[PDB]
């Protein structure tokens, strides 16, 4: 084939995110039986139906029996086959079970998008599959120059906001990409001048990124159990890089991760200390801020293309009896996010 003119960093990004074996590896990490639910038999209606049963399990837990729970639990495993041999699988009888399974289904949604791009489309041997898969993302991806100002600011954001409690690893930035999802700037127009626009982190596993770049960061569907998400069903960001980087789920056996920086239109924040599984914001609010005990030093906020970058070292916020060690930001309308960068990260595990 004609060999692809894309920058090498862009080619390795495309290799990573469309890797079929990585998708499978993620699935067996969630204890899915690939013999019964292979990557190709995954579909949206199966994932949604599973979400609903998980909403049934949520209902039965909120009103307290291991007798009547058993039936709902089994119905879940019926829709998403798990790898337990001749079994009796573990009972899904608590809030932790619901959170953990909702998170798995979130990932399956993104994996199904990635695989549907791969199996949709055309076959032409004379094109480099790298170029072919790139086009499927409908996302302009450029390499940001190491010596630019934007690169310096980004590396400082990474350098300054790694929490002491996440010190089992550190981060080097391998590549910085500037990204522009088709139509996202247009979608963002209503919020582009809103106050309190902040450049924030969103980490995810590499097997979700094809989904993210083609479909954007998204709201979990109606069927998903609201109780599975600490501040309900929205799009979550952090101001501490390590808090987001934990969601990459890197390890000693695959240490390269991907993390986003999005411009988030937060406006009037509904400030919370503890879990609130809301399905709408109070009138007049545009976002939830989950209040951390620690925050980037607000005096070291810097501006990048008119957007605040909270890149100060972590200090005490002053908030007292909070569930959150660090800040968290949630929006509930997809149009409040404009994705700006994508970093490839090297994780040095010190353990």
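Residue numbers count along the first chain shown, from 1. Take the two forms, find the largest set of C-alpha atoms that superpose within 1.5 Å, and that set is the rigid core.
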statement: in 5 other deposited structures of this protein, with the rigid core superposed, the stretch whose C-alphas stray more from the shown form, 95-103 or 255-263, is 95-103
- line: Note: with structures superposed on the core, the stretch whose C-alphas sit farther off in 5 other deposited structures of this protein, 194-202 or 218-226, is 218-226
query: If you count the residues of the deposited sequence that sit between residue 64 and residue 65 but have no coordinates, do you get none, 1 to 3, 4 to 9, or 10 or more?
result: 1 to 3
task: Between 78-86 and 217-225, name whichever shows the higher mean Cα B factor according to the PDB entry.
output: 78-86
- prompt: When the C-alpha temperature factors are averaged for each of 139-147 and 174-182, which stretch ends up with the higher value in the entry?
  reply: 139-147
- prompt: Among 288, 57, 47, 311, where is the Cα temperature factor highest, going by the PDB entry?
  reply: 57
- prompt: Whose CA atom has the top B-factor in the entry, of 261, 210, 104, 72?
  reply: 72
statement: Of the three thirds of the chain ranked by Cα temperature factor, residue 153 occupies the middle
query: Going by what the PDB entry lists, where does residue 323 fall on CA B-factor within its chain: lowest, middle or highest third?
result: middle
message: Quick check on the deposited entry: does the C-alpha B-factor of residue 92 sit in the lowest, middle or highest third of its chain?
response: highest
message: Please say which third, lowest, middle or highest, residue 162 falls into when its CA temperature factor is compared across its chain.
response: lowest
- prompt: Can you tell me which third, lowest, middle or highest, the CA B-factor of residue 127 falls into for its chain?
  reply: highest
